[PDB]
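A quick write-up on the structure given underneath.
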Amino acid sequence: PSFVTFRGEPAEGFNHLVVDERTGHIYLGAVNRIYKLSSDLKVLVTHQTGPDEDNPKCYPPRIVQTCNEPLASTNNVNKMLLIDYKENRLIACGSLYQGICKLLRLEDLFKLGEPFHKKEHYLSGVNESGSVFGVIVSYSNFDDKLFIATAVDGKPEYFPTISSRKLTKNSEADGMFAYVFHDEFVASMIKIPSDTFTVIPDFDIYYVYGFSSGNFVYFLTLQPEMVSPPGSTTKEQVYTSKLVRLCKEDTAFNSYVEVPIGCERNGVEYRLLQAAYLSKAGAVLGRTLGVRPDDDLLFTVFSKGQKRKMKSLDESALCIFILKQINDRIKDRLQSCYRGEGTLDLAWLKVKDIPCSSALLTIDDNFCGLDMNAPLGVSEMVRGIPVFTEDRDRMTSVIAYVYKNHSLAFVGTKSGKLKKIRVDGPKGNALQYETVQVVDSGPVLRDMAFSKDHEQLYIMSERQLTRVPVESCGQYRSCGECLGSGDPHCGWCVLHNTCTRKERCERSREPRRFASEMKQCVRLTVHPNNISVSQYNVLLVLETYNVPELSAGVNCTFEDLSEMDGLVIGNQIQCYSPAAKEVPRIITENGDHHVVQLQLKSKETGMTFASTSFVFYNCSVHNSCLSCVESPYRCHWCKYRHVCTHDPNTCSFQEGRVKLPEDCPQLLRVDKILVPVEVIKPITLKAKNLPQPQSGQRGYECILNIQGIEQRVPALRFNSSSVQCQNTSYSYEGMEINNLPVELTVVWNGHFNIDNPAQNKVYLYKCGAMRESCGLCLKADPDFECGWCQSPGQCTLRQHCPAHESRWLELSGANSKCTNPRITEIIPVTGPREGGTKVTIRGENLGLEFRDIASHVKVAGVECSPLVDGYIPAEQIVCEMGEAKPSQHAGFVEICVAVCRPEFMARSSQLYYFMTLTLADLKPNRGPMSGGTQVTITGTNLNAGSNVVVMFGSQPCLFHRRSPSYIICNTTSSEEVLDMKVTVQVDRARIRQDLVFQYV
Amino acid sequence: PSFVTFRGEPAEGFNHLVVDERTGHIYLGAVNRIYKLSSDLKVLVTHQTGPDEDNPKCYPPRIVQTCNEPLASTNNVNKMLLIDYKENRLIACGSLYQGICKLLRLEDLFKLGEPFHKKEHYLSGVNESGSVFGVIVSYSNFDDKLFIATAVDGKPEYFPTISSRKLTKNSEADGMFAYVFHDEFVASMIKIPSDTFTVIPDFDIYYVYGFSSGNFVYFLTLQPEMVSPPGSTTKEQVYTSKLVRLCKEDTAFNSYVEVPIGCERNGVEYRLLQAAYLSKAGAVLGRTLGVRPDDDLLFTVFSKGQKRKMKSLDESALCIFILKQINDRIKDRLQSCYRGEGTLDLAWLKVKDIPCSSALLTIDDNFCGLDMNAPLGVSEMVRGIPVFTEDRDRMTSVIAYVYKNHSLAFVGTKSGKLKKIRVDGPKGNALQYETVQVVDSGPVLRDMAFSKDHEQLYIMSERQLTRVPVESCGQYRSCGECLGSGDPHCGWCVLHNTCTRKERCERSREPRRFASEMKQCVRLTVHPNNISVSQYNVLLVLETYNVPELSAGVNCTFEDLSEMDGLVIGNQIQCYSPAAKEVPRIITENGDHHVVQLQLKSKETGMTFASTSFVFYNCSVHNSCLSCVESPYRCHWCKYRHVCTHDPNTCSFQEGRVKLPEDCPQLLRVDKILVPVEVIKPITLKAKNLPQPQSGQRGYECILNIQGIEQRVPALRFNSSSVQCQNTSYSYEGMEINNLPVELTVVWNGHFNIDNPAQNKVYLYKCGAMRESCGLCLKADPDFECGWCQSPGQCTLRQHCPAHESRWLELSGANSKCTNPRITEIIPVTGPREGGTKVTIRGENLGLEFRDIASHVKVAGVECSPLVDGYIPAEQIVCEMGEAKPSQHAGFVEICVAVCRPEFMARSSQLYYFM
């Protein structure tokens, strides 16, 4: 939705706004223009007040007398605007005339009159807008007048800052703007003294806001540095914001009072008034405030500090004053002066301090002021009660009103936004909402008025007027959300199922028709929360609370899908579930269950207000016993029918029903099922609650899901808990993998698959696909019964290998030597003569125990000692060679399993070579002291032996890789010093040489 | 249009005229000529009757016997003319033959015969025309005759004045003009007795008019003084006009009767017949006259008094006689004689009075006369009913006729004009029209006859015959004029838009087609009389009365500008106004309003007959409030818009409307606005209904229109009735004139000038351009406040002169003595020594009061006394010098203002000289 607005009809400018209480027409003061608009902000009429040839310096403007100074077309700013209902007109006081005032007719804006001739007719030279304010007060004839305050600009002789002036019936009449009582000695006006001007050059009083209360007139003002801040001579100007008051009845002007005003937040001072608004509290605020219904309140806005009235600070605070409290402060002050204590203390007015005179008097609120102890100031600054503070974006303006007793406050911001604040000190809370009806880039003005009907709030900007509704609750879809937002205007119109204000809800006055608090929402419950898909037209009872009288009629709508009529009895609603024809259309593809939001559609509104979680659950869809029972819902499984249903009767017969998950027909696990390929073997199974096949039903089968071949073997069900597939052999083609797990499915009557929770599988394993060597087979589990068969040179079960001889060989309990050891290949081919090398020998048919191999290994003559941890049985032996000093140079490797028997020994195909490695040169000769240099050691036979260590300066080098020609290592820090020697030690041999490494 | 006429074909002369009933041919008797003319007055044929060698004195003219007296070629005057239809000829009796008569053939004017031989063939020596008359009466054969009367000229033996004569079929026949019955004792003729001639030498009977009526023959005659007026011996002759009558049937001539006739108007006597005409009354006159249809009437014309038959008086009166009334007078007279009372009383005929004899008789109208109490006269003169009298221009002739029962009378005048008179004694009214068809300078003759068709009336003059239409209504342009003339023939042929007779108007019989009375002329009204310029095609209803059936079709034409079709319903016509496009073309430049004559154009004729005042009213043109409201029309002024408009709504707003003139905006006058040059002064003004300037409107200014410099000074409007220009000074360059009035215009909002009805002005005045002397300034009005300032030697306001001393001098109320008197010049330079001279001395700086100057003046030693009235203060002194007898001869003039102080005296530049 967009907000209705009026763009600066003169796109050029804007200054003041006011609303006519009866009509709702909105009048807008502006520079060079005054507009009359409809409530909708349509342009009713435009008046041209503007550009006049003039000059501020000239006194009586050009029309009255000739001015030496040159004139220029200048803009006439609407300083003030006030509606005079009685007169049926508008006082629209401008400037640039020496401040001549104009009278515009209410309906047409016809200029009734604009008195220029006399001195009184001129208000002030001041060009600034809003620095002026005032009130129009009227009574029947022979009782009446206008109170207005304006800045002087140092014009003290020409104009009075505050005055009490006359407003005659005839706009033509000369008398206008004349002082109510003029005497040579005293006139109903207050001028600024010349002495005060000389002392402080710039002193001026700017009047922000003004209002009539009871029988007085108050003004919120800004003044200069006078004893504040202290200063010997002129320099900087800071302002003090004060409150002023007058009796309406005092022609003498004796009643004048002036108290400084502000408020502080946690040690932060807020001295400067931006705007104010007098209003009522309403029952809520008033009660906790402790006020009478009639008592008034004053919302205000202040900026931080005393500095720069022209351009104030962002920091701003909304404070509050109860009029009773201010009245007390004034009465308190007066009762004091009457005591005779102290001075009057009003710096700008009276330079020389006059003392207060004591006197006997009954000091009342009615007190209008007396001749002695005449106009007076105030010592104690009146503090206000803080409400909301904005640091980031300065508040510009404020308004407030009573709504259903709750007090709503409106606050303009520098940004062009409005805040809707419920004041709850007297209640309990804070800011409800913020809105940007206005103008996204830049600010709002003090003239912000609510409409007469109080539906909207016209918000004025420099550029445009915007009709911001005090309420747009419609945005809220649900009772939970509506009441959730908290912006006080919104309530849940239960029957309408919409969110709006009290006025908007038809028949909201009636009970439970309208909901204010979340508790009131609507709460709904359905007795049969869960209904099965199979059921149809089931009776449901609805319990609803906090709902208005439904006698209009109600319908139950499960969703957009269906709607059934309902009848009301007691405090309940009775509706029926949908038909089976209707229910499954929903259920399809949702499967297990579908929660649906059952709503209530009211007959009068026709909108769904209340909802509940309604479950459609259908047992039949479940394909298996586990899903049926084990699932989350109440469903029964029929073992025989093999169908899941809600009704017990539907099952085949009594013994057939499955209520509990344990009872489901399922296969229990046993020790792993091992199955050799090509062997005829039975496979016994255990299980529970296996059904006895009924008439027209076949027996059990075992189905193995092997990708290569799927086997169907019939089986026998011995009892409710045991099964067995008949003697058969299984195979898979490929010989790719030794152990292949296979899923097995037990079926009966052809299709019926018994549940397998564990998902037990059959392991098909093949006699040595994996083991070519006798040592490997005997190594494997004794369970397999797989063993080595000598004649074939292969390994299989006894069943599998023919017995020419009485025996096929099986490790009886490891007491089985395994023959013809062979050596495939060994690592480090070469080694150092000194020894210490770790030889890694890899063979096929070695000894099973370490103890036998130890002492077995020999390299030629040289004794080699094997390592236990390193040794992997019958596959590999890691052995460390001893001292090689012998004459051989190169020799074959021999392993004798236990004993060096002729059958029992193995010799290496290629011989182990012994060598004296030498090093010629280093790739980098030099490197930094810190080290970390990649050294390239070149030489011959560098690969020999087991261990290698490189030492530069006896400090170790970090080894990387080794080769026959090359050794690569990273240098250590030569903490020692520049230069150094290189020692390489392989095993017991330590070789050195002339090649040196130089540290740089 | 011009009237058809026949000029004296003989340009030389003219005498008688007659019209042939069947043909319409007009025969005209003249001297030496007889003409036959067409109805149109074209010349058909001319006959030469004229100049014959002859002599009046000779009896049987030269042809019969030789005459001793010398002959001379003389003119033959046509004495008489009579149409003999039966005979198919014209009897045209001449003179100069001893009055031989001629017979001219009807068609060709071929002379059938002219009997000269016998005595009867000679009628009378008398040369005068028109003194003769008579009638031709005819019947089938063996019944017939001619009755003719003529003057004798003292020829009593030769010719009979009245006779009954024979008219034979053959013009050649000898018998012609023989007496019907001739006996030795009595013949059908009446002669004048010789005795009567001796007594009165000149006696003669002149016969003016004659006509046959019923079965008688009447003659209107003029006779001499016989017992009237009484006179012992001959001297002067006056005439008595009488009526004569005879039975057609009386061969004996016993029936002769003779009554004097005349009429009187308010004690004025009209005795002499100029002409007469027998006619019918028609239904109108007859009814109120109380007559039968057949009964006749006799219109006549008489001059005042008994004097000069040869040249009668201008005063003349048209009288009337009903034949029944005259017949009664005659019967009454006869029944009386038969009573045996009195004498016959006929002076000229019977010198010795014979008595009437009584006898038993049934006296009827039929009575033809008897042997005893034979021809007789009459005592009681028969009076006639007067009709019209002309004092200035004498009536000469008359005719009358019946038209649609109204009786129209025609009367010739000495001037050559014809009057068309409806006689309405029996009806009610007088003379309708006068015409000069004839001859503008000089008169018309008795022979005036209407045509057979009665379309025209041939009017004869000495010089020319003129065909005057009875009717020539075409001359009249408008219904108002047509019916205005009153000559009864004319009516307004509405659709034709012309003026003519009933016969001439086609379809006049139909209703409202023809208008007889002015009332009938056309009256038109339009319901929406006033329509605004802004409006277009407005429905208008037309009310017309006295109009013929329009079903032919009608169009509405506002003027020559536009024309809109109309439809007829009821007794109204509905037309539409013109479009806005059309209406303003007219309105432009007429301004306030334009009255237009909306006419109706008839479809059949195509001429606009009826009109009305139609108003187009444009308010907008009015520039000011006064013109808008104060003017003559309904217009409203909008104070705020400052525009004038017809619609109230158009004004800015309700409070802004100006309906009344008082409410406007105008400047009221105050005592004259005096403005000194070079002085800062405010000028307060008074006024009424000054507007309060509305939004977007500026304030008031005072603009002075001074040719040298125009000043714009802003002002303040205190209230609806007062203004004031701000402190300023004004000047004009030139120093030419002291008092300069200047027009001032008060304006607001720049251009808007407030109305200034009085046209009040500001008087800019500047202190003595005119007065070099202290005496002159103090003399001037106290109002100016201008006064003499001693130190400067000049004169200006106090404001203008610095006060070293407490005073500048102003005549407080004339109590202010004034220095240095001078004498420019004095009049009478010279004077007599004796004195008494009035010396007029003109100077510059004299005394303010007379009392001081008196005794001041001296001419040298001689004391001179000044005159109060003559003395104009400080400018001039009029003084009278005393006795100069002193030795000086010449001396200088001296004036001492109050006292002859050394500073205070003035002496003349040039001296006064005594001689």
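Letters for chains follow the order of the structure tokens (A, B, ...), residue numbers begin at 1 for each chain, and ligand numbers begin at 1 in the order shown.
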Identify, on the basis of only C-alpha atoms, every residue whose closest approach to residue 764 of chain A does not exceed 7 Å; exclude the query and any residue fewer than 3 positions from it along the same chain; express the result as number ranges by chain. A: 674-677, 739-741
Do me a favour and pick out the residues of chain A within 12 Å of chain B, using only C-alpha atoms, as a ChimeraX atom specification. /A:32-34,45-52,61-66,102-105,107-118,170-175
Between atom CA of residue 453 of chain B and atom CA of residue 483 of chain B, what is the spacing in Å? 23.6 Å
Filtered DSSP result for segment 582-803 of chain B, state alpha helix (DSSP H), as a tab-separated table (two decimals) with C-alpha atoms, in the first residue's frame:
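Result file follows (result-v2.tsv):
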chain	number	residue	atom	x	y	z
B	583	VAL	CA	-24.78	37.87	-32.69
B	584	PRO	CA	-21.49	39.52	-31.77
B	585	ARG	CA	-20.71	40.58	-35.29
B	586	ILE	CA	-23.50	43.07	-34.70
B	587	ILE	CA	-22.71	43.91	-31.07
B	625	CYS	CA	-18.56	49.61	-12.00
B	774	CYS	CA	2.79	93.69	-1.12
B	775	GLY	CA	-0.60	95.26	-1.79
B	776	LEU	CA	-1.38	92.68	-4.45
B	777	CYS	CA	-0.69	89.65	-2.25
B	778	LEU	CA	-2.72	90.71	0.75
B	779	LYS	CA	-5.41	91.52	-1.78
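Taking only C-alpha atoms, the non-local environment of residue 58 of chain A within 12 Å (same-chain residues fewer than 6 positions away omitted) comprises residues 64, 65, 66, 67, 68, 69, 70, 71, 96, 97, 98, 99, 122, 124, 125, 155 and 158 of chain A.
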Can you tell me, as an MDAnalysis selection string, what residues are no more than 8 Å from residue 406 of chain A when counting only C-alpha atoms, ignoring any on the same chain fewer than 6 positions away? chainID A and resid 281:285 422 488
Could you please take those selected residues and save C-alpha atoms as a PDB file, in the first residue's frame?
ATOM      1  CA  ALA A 281      -2.787  10.665  29.160  1.00  0.00           C
ATOM      2  CA  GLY A 282      -5.929   8.578  28.949  1.00  0.00           C
ATOM      3  CA  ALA A 283      -6.795   6.167  31.744  1.00  0.00           C
ATOM      4  CA  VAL A 284      -3.659   4.065  31.462  1.00  0.00           C
ATOM      5  CA  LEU A 285      -0.919   6.666  31.861  1.00  0.00           C
ATOM      6  CA  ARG A 422       3.435   3.290  23.717  1.00  0.00           C
ATOM      7  CA  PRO A 488      -1.315  -1.183  20.206  1.00  0.00           C
TER       8      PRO A 488
END
